[PDB]
file coords_7.txt (compact mmCIF, N, CA and C atoms)
# COMPACT_ATOMS: atom_id res chain seq x y z
N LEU A 1 17.47 -7.33 -12.15
CA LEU A 1 17.03 -7.57 -13.54
C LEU A 1 15.61 -7.07 -13.76
N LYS A 2 14.62 -7.93 -13.49
CA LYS A 2 13.22 -7.57 -13.72
C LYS A 2 12.73 -6.58 -12.67
N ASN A 3 13.48 -6.47 -11.57
CA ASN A 3 13.13 -5.55 -10.50
C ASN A 3 13.43 -4.10 -10.89
N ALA A 4 14.09 -3.92 -12.03
CA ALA A 4 14.44 -2.59 -12.52
C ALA A 4 13.18 -1.74 -12.67
N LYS A 5 12.10 -2.37 -13.10
CA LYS A 5 10.82 -1.71 -13.26
C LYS A 5 10.38 -1.10 -11.93
N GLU A 6 10.37 -1.94 -10.89
CA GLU A 6 9.95 -1.53 -9.56
C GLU A 6 10.88 -0.45 -9.00
N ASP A 7 12.18 -0.63 -9.21
CA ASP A 7 13.17 0.33 -8.71
C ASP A 7 12.97 1.69 -9.36
N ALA A 8 12.76 1.70 -10.67
CA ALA A 8 12.54 2.94 -11.40
C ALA A 8 11.28 3.63 -10.91
N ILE A 9 10.20 2.87 -10.79
CA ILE A 9 8.94 3.39 -10.29
C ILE A 9 9.14 4.04 -8.93
N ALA A 10 9.66 3.27 -7.98
CA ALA A 10 9.87 3.75 -6.62
C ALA A 10 10.79 4.96 -6.59
N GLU A 11 11.82 4.93 -7.42
CA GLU A 11 12.80 6.01 -7.45
C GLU A 11 12.15 7.32 -7.87
N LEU A 12 11.46 7.33 -9.01
CA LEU A 12 10.87 8.56 -9.52
C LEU A 12 9.66 8.97 -8.68
N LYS A 13 8.91 7.98 -8.21
CA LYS A 13 7.67 8.22 -7.48
C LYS A 13 7.95 8.76 -6.08
N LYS A 14 9.05 8.33 -5.48
CA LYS A 14 9.41 8.78 -4.14
C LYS A 14 10.34 9.98 -4.17
N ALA A 15 11.31 10.00 -5.08
CA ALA A 15 12.32 11.04 -5.08
C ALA A 15 12.69 11.51 -6.49
N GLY A 16 11.74 11.48 -7.41
CA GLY A 16 12.01 11.98 -8.75
C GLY A 16 11.10 13.12 -9.12
N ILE A 17 9.80 12.85 -9.12
CA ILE A 17 8.81 13.86 -9.50
C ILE A 17 7.88 14.14 -8.32
N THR A 18 8.45 14.09 -7.12
CA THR A 18 7.71 14.32 -5.88
C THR A 18 6.73 13.18 -5.60
N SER A 19 5.69 13.08 -6.41
CA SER A 19 4.67 12.05 -6.26
C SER A 19 3.94 11.84 -7.58
N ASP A 20 4.53 11.06 -8.48
CA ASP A 20 3.92 10.81 -9.77
C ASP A 20 4.19 9.39 -10.23
N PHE A 21 3.36 8.90 -11.13
CA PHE A 21 3.49 7.57 -11.70
C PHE A 21 2.65 7.48 -12.96
N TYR A 22 1.47 8.08 -12.91
CA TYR A 22 0.57 8.07 -14.05
C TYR A 22 1.05 8.80 -16.41
N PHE A 23 1.93 7.83 -16.59
CA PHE A 23 2.18 7.24 -17.89
C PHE A 23 2.16 5.72 -17.77
N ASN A 24 2.10 5.04 -18.89
CA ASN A 24 2.09 3.58 -18.89
C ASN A 24 3.44 3.05 -19.34
N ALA A 25 4.40 3.96 -19.43
CA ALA A 25 5.76 3.62 -19.81
C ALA A 25 6.30 2.53 -18.89
N UNK A 26 6.35 2.81 -17.59
CA UNK A 26 5.66 1.34 -15.77
C UNK A 26 5.20 -0.05 -16.11
N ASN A 27 4.49 -0.15 -17.23
CA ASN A 27 3.95 -1.42 -17.69
C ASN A 27 4.61 -1.84 -18.99
N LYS A 28 4.73 -0.90 -19.93
CA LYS A 28 5.31 -1.19 -21.24
C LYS A 28 6.78 -1.62 -21.13
N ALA A 29 7.51 -1.01 -20.21
CA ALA A 29 8.93 -1.33 -20.01
C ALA A 29 9.11 -2.74 -19.48
N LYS A 30 9.60 -3.63 -20.33
CA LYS A 30 9.82 -5.02 -19.93
C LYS A 30 11.27 -5.23 -19.50
N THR A 31 12.21 -4.86 -20.35
CA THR A 31 13.62 -5.10 -20.08
C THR A 31 14.27 -3.92 -19.36
N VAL A 32 15.42 -4.15 -18.73
CA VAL A 32 16.10 -3.10 -17.96
C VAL A 32 16.37 -1.86 -18.82
N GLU A 33 16.86 -2.08 -20.03
CA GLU A 33 17.18 -0.99 -20.95
C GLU A 33 15.95 -0.12 -21.20
N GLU A 34 14.81 -0.77 -21.37
CA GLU A 34 13.55 -0.07 -21.61
C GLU A 34 13.14 0.70 -20.36
N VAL A 35 13.31 0.07 -19.21
CA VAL A 35 12.96 0.71 -17.94
C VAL A 35 13.79 1.98 -17.74
N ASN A 36 15.09 1.88 -17.98
CA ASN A 36 15.98 3.04 -17.83
C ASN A 36 15.61 4.14 -18.82
N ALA A 37 15.41 3.75 -20.07
CA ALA A 37 15.07 4.71 -21.12
C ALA A 37 13.74 5.40 -20.83
N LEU A 38 12.72 4.60 -20.59
CA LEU A 38 11.38 5.11 -20.34
C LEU A 38 11.32 5.91 -19.04
N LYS A 39 12.13 5.52 -18.06
CA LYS A 39 12.25 6.30 -16.83
C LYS A 39 12.79 7.68 -17.15
N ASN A 40 13.81 7.72 -18.00
CA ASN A 40 14.39 8.99 -18.43
C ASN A 40 13.34 9.83 -19.15
N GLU A 41 12.52 9.16 -19.97
CA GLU A 41 11.46 9.84 -20.71
C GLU A 41 10.45 10.47 -19.76
N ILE A 42 10.00 9.70 -18.76
CA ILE A 42 9.07 10.21 -17.76
C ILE A 42 9.70 11.35 -16.98
N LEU A 43 10.95 11.15 -16.60
CA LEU A 43 11.68 12.10 -15.78
C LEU A 43 11.87 13.42 -16.51
N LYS A 44 12.18 13.35 -17.80
CA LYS A 44 12.37 14.55 -18.61
C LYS A 44 11.02 15.19 -18.95
N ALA A 45 10.01 14.36 -19.19
CA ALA A 45 8.68 14.85 -19.53
C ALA A 45 8.07 15.64 -18.38
N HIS A 46 8.28 15.17 -17.16
CA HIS A 46 7.79 15.89 -15.99
C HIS A 46 8.81 16.93 -15.52
N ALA A 47 10.08 16.68 -15.82
CA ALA A 47 11.16 17.61 -15.48
C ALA A 47 11.15 17.94 -13.99

call {"tool": "encode", "arguments": {"input": "coords_7.txt", "output": "structure tokens"}}
result
Amino acid sequence: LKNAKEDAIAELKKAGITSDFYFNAXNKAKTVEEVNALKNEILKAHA
């Protein structure tokens, strides 16, 4: 549930954008849906 934030962070930071984290979408994302959406946004933004 709330661990979705951490999972998304770790996922993209370790095996998504090589080594990135710096947007605040990580903090703003409260609910799972937001985490997934904002993760997609970060992922597409960095491509």

call {"tool": "residues_around", "arguments": {"input": "coords_7.txt", "residues": "residue 3 (chain A)", "least_positions_apart": "5", "cutoff": "8 Å", "atoms": "all atoms listed in the file", "output": "ChimeraX atom specification"}}
result
/A:8-9,32

call {"tool": "closest_residue", "arguments": {"input": "coords_7.txt", "among": "A:37, A:47, A:10, A:1", "to": "residue 25 (chain A)", "atoms": "only C-alpha atoms"}}
result
A:37

call {"tool": "atom_distance", "arguments": {"input": "coords_7.txt", "atom1": "atom N of residue 38 (chain A)", "atom2": "atom N of residue 26 (chain A)"}}
result
7.3 Å

call {"tool": "axis_aligned_box", "arguments": {"input": "coords_7.txt", "around": "region 21-31 of chain A", "padding_each_side": "4 Å", "output": "AutoDock Vina command-line options"}}
result
--center_x 7.4 --center_y 1.8 --center_z -16.2 --size_x 21.7 --size_y 22.1 --size_z 18.1

call {"tool": "atom_distance", "arguments": {"input": "coords_7.txt", "atom1": "CA of residue 39 (chain A)", "atom2": "CA of residue 12 (chain A)"}}
result
7.8 Å

call {"tool": "atom_distance", "arguments": {"input": "coords_7.txt", "atom1": "CA of residue 33 (chain A)", "atom2": "CA of residue 17 (chain A)"}}
result
20.5 Å

call {"tool": "select_by_dssp", "arguments": {"input": "coords_7.txt", "residues": "chain A", "states": "alpha helix (DSSP H)", "output": "count of residues only"}}
result
31

call {"tool": "build_atoms", "arguments": {"input": "coords_7.txt", "residues": "region 13-28 of chain A", "atoms": "N, CA, C and O atoms", "output": "mmCIF file, in the frame of the given file"}}
result
data_model
loop_
_atom_site.group_PDB
_atom_site.id
_atom_site.type_symbol
_atom_site.label_atom_id
_atom_site.label_comp_id
_atom_site.auth_asym_id
_atom_site.auth_seq_id
_atom_site.Cartn_x
_atom_site.Cartn_y
_atom_site.Cartn_z
ATOM 1 N N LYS A 13 8.910 7.980 -8.210
ATOM 2 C CA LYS A 13 7.670 8.220 -7.480
ATOM 3 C C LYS A 13 7.950 8.760 -6.080
ATOM 4 O O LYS A 13 7.169 9.554 -5.542
ATOM 5 N N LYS A 14 9.050 8.330 -5.480
ATOM 6 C CA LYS A 14 9.410 8.780 -4.140
ATOM 7 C C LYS A 14 10.340 9.980 -4.170
ATOM 8 O O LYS A 14 10.191 10.901 -3.356
ATOM 9 N N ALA A 15 11.310 10.000 -5.080
ATOM 10 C CA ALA A 15 12.320 11.040 -5.080
ATOM 11 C C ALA A 15 12.690 11.510 -6.490
ATOM 12 O O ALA A 15 13.836 11.890 -6.739
ATOM 13 N N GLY A 16 11.740 11.480 -7.410
ATOM 14 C CA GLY A 16 12.010 11.980 -8.750
ATOM 15 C C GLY A 16 11.100 13.120 -9.120
ATOM 16 O O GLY A 16 11.553 14.224 -9.413
ATOM 17 N N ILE A 17 9.800 12.850 -9.120
ATOM 18 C CA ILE A 17 8.810 13.860 -9.500
ATOM 19 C C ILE A 17 7.880 14.140 -8.320
ATOM 20 O O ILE A 17 6.684 14.402 -8.489
ATOM 21 N N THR A 18 8.450 14.090 -7.120
ATOM 22 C CA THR A 18 7.710 14.320 -5.880
ATOM 23 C C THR A 18 6.730 13.180 -5.600
ATOM 24 O O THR A 18 6.924 12.402 -4.665
ATOM 25 N N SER A 19 5.690 13.080 -6.410
ATOM 26 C CA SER A 19 4.670 12.050 -6.260
ATOM 27 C C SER A 19 3.940 11.840 -7.580
ATOM 28 O O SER A 19 2.854 12.378 -7.790
ATOM 29 N N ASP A 20 4.530 11.060 -8.480
ATOM 30 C CA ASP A 20 3.920 10.810 -9.770
ATOM 31 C C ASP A 20 4.190 9.390 -10.230
ATOM 32 O O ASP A 20 5.133 8.746 -9.758
ATOM 33 N N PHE A 21 3.360 8.900 -11.130
ATOM 34 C CA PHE A 21 3.490 7.570 -11.700
ATOM 35 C C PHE A 21 2.650 7.480 -12.960
ATOM 36 O O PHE A 21 3.063 6.887 -13.965
ATOM 37 N N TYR A 22 1.470 8.080 -12.910
ATOM 38 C CA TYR A 22 0.570 8.070 -14.050
ATOM 39 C C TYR A 22 1.050 8.800 -16.410
ATOM 40 O O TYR A 22 0.421 9.321 -17.338
ATOM 41 N N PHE A 23 1.930 7.830 -16.590
ATOM 42 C CA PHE A 23 2.180 7.240 -17.890
ATOM 43 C C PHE A 23 2.160 5.720 -17.770
ATOM 44 O O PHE A 23 2.182 5.191 -16.658
ATOM 45 N N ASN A 24 2.100 5.040 -18.890
ATOM 46 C CA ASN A 24 2.090 3.580 -18.890
ATOM 47 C C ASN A 24 3.440 3.050 -19.340
ATOM 48 O O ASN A 24 3.603 1.843 -19.579
ATOM 49 N N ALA A 25 4.400 3.960 -19.430
ATOM 50 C CA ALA A 25 5.760 3.620 -19.810
ATOM 51 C C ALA A 25 6.300 2.530 -18.890
ATOM 52 O O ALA A 25 6.650 1.451 -19.342
ATOM 53 N N UNK A 26 6.350 2.810 -17.590
ATOM 54 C CA UNK A 26 5.660 1.340 -15.770
ATOM 55 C C UNK A 26 5.200 -0.050 -16.110
ATOM 56 O O UNK A 26 5.470 -1.019 -15.404
ATOM 57 N N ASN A 27 4.490 -0.150 -17.230
ATOM 58 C CA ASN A 27 3.950 -1.420 -17.690
ATOM 59 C C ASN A 27 4.610 -1.840 -18.990
ATOM 60 O O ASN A 27 5.003 -2.999 -19.147
ATOM 61 N N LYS A 28 4.730 -0.900 -19.930
ATOM 62 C CA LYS A 28 5.310 -1.190 -21.240
ATOM 63 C C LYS A 28 6.780 -1.620 -21.130
ATOM 64 O O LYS A 28 7.232 -2.494 -21.875
#
